[PDB]
């Protein structure tokens, strides 16, 4: 923690969502400094009316954002602060440009944004031996989303740290509801849970039976939305997706957590087909304004496929 970094963040004027470009599905953070990602984050909370509706104190939100950023590991090639930051930006864009904002409640929106930013806290890279070196090396077989539970634990720890309580303004009832949604959302980032609950979601959309007014369906939708934002790097403009794919490959193969290069194109195509396409197609069914995510995904598949055939 840098009181210096906080002082500078808290005293800065937060530029518009327009100037920060956070309403664009094509948004990229390569050009941004950490302070700038912090300012973008404040703007996300502000334009979603969260600061106002939940009486968040400026200095507290600033301190919370810095604490969250500080708890991601920079030595992890992909699952780091920038990835969490980008997931939250996608959530913002889907809520605003994608018009999903009108379909949810303020608490659900509050929970989703916090969850997007916090869902990978303390991530140590896909090739970590966290559980492998614990007193329960078999835990993952009992509780597969055990690491996601740990990410949530980190999130809660920060929300309860002195000077970082951005939810202090909620009533105990609002608070309990928000924490529950935040938990579900973070657990939802366990790709295994996504694969397990996909079918039901695709089925409903398919048979035109999808109804957000149904408490079970709304919860399912929140989980699907979390996945959509968490994988959104796959939807970015070609030059940006190439760079993001480089980071993922690094974490995956060069243990950049704490040959393949020629197989990467086909790998990405397989990933897009097996995991991404269906999800983004389903999302567009719920809200056509989310089409750019689907469009971007398709364009990247075309690009990777061309390379796969080797140019």
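Residue numbers count along the first chain shown, from 1.
Absent coordinates between residue 57 and residue 58 - deposited residues affected, binned into four classes | In the deposited sequence, nothing is left without coordinates between these two.
Taking only the CA atoms, which stretch has the higher mean B-factor in the record, 195-203 or 78-86?
-> 195-203 has the higher mean C-alpha B-factor.
Could you settle it for me: does 5-13 or 20-28 have the higher average Cα B factor in the PDB entry?
-> Stretch with the higher mean C-alpha B-factor: 5-13.
Among 46, 255, 268, 37, where is the Cα temperature factor highest, going by the PDB entry?
-> The listed residue with the largest C-alpha B-factor is 255.
Criterion, highest CA B-factor; candidates, 113, 187, 226, 131 = Within the set 113, 187, 226, 131, 131 shows the top C-alpha B-factor.
Give the position of residue 70 by CA B-factor within its chain, expressed as the lowest, middle or highest third.
-> Ranked within chain, residue 70 CA B lands in the middle tercile.
Using the B-factor values recorded in the entry, state whether the Cα atom of residue 41 falls in the lowest, middle or highest third among the modelled residues of its chain.
-> Answer is lowest: the recorded C-alpha B-factor places it there.
Compared with the other modelled residues in the chain, in which third is the CA B-factor of residue 142?
-> Ranked within chain, residue 142 CA B lands in the highest tercile.
Which third, lowest, middle or highest, does the CA B-factor of residue 210 fall in along this chain?
-> It belongs to the highest third of the chain when residues are ordered by C-alpha B-factor.
Sorting the chain's modelled residues by C-alpha B-factor, tell me whether residue 126 ends up in the lowest, middle or highest third.
-> Its C-alpha B-factor belongs to the highest third of this chain's values.
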